[PDB]
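Respectively, the protein sequence lines represent chains B and A.
Counting from 1704, one number per residue, gives the positions in the first sequence under PDB author numbering.
Counting from 1077, one number per residue, gives the positions in the second sequence under PDB author numbering.
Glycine residues also receive a C-beta, built at the ideal position from the N, C-alpha and C atoms.
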Amino acid sequence: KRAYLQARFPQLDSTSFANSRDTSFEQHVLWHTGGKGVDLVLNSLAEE
Amino acid sequence: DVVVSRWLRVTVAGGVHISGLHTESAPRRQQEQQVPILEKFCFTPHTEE
């Protein structure tokens, strides 16, 4: 799916992806945004 | 070794891993605070009228 998205939208970078099956995306987003976080979060996942 | 990451808000030191610490301000008001003795050093004439 990462490869398909990269093919579809060339603007995306290797730092614009993260893992969905686990809770590792929090650290990725916080690090790459300088701790500022994001503005909108279109969420469809549950529990933790 | 201990590492503190404020961007990610994690403190890892050995086998422990704190995530999401929150600290609230305490009044810092201690009763019976010090009462320093205040003085002025001045010349007093031997004879005063």
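For residue i, which of helix, strand or coil comes out of DSSP?
{"i": "A:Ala1089", "result": "strand"}
Starting from residue i, trace the alpha helix (DSSP H) both ways and give me its first and last residue.
{"i": "B:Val1732", "result": "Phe1728 to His1735"}
Between residue i and chain B, is any beta-carbon pair separated by less than 8 Å?
{"i": "A:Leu1097", "result": "no"}
{"i": "A:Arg1082", "result": "yes"}
Closer than 8 Å, CB to CB, is residue i near chain A or not?
{"i": "B:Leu1733", "result": "yes"}
Near residue i, which residues of its chain fall below 8 Å by C-beta distance, leaving aside the five closest residues on each side in sequence?
{"i": "residue 1753 of chain B", "result": "The requested residue 1753 of chain B does not occur in the structure, where chain B is confined to residues 1704 to 1751."}
Apart from the five residues on each side of it in sequence, which residues of its chain come closer than 6 Å, Cβ to Cβ, to residue i?
{"i": "A:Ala1089", "result": "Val1078"}
| Going along the chain, which residues of the stretch 1709-1738 of chain B sit with their C-beta nearer than 9 Å to a C-beta in chain A? | Taking 9 Å as the Cβ-Cβ cut-off against chain A, the residues of the stretch 1709-1738 of chain B that qualify are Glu1729, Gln1730, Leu1733, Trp1734, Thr1736, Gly1737 and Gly1738.
| task | Compile a chain-ordered list of the residues in the stretch 1108-1120 of chain A whose CB is closer than 8 Å to at least one CB of chain B. | result | Residues are counted here when their Cβ sits less than 8 Å from a Cβ of chain B; for the stretch 1108-1120 of chain A the count is zero.
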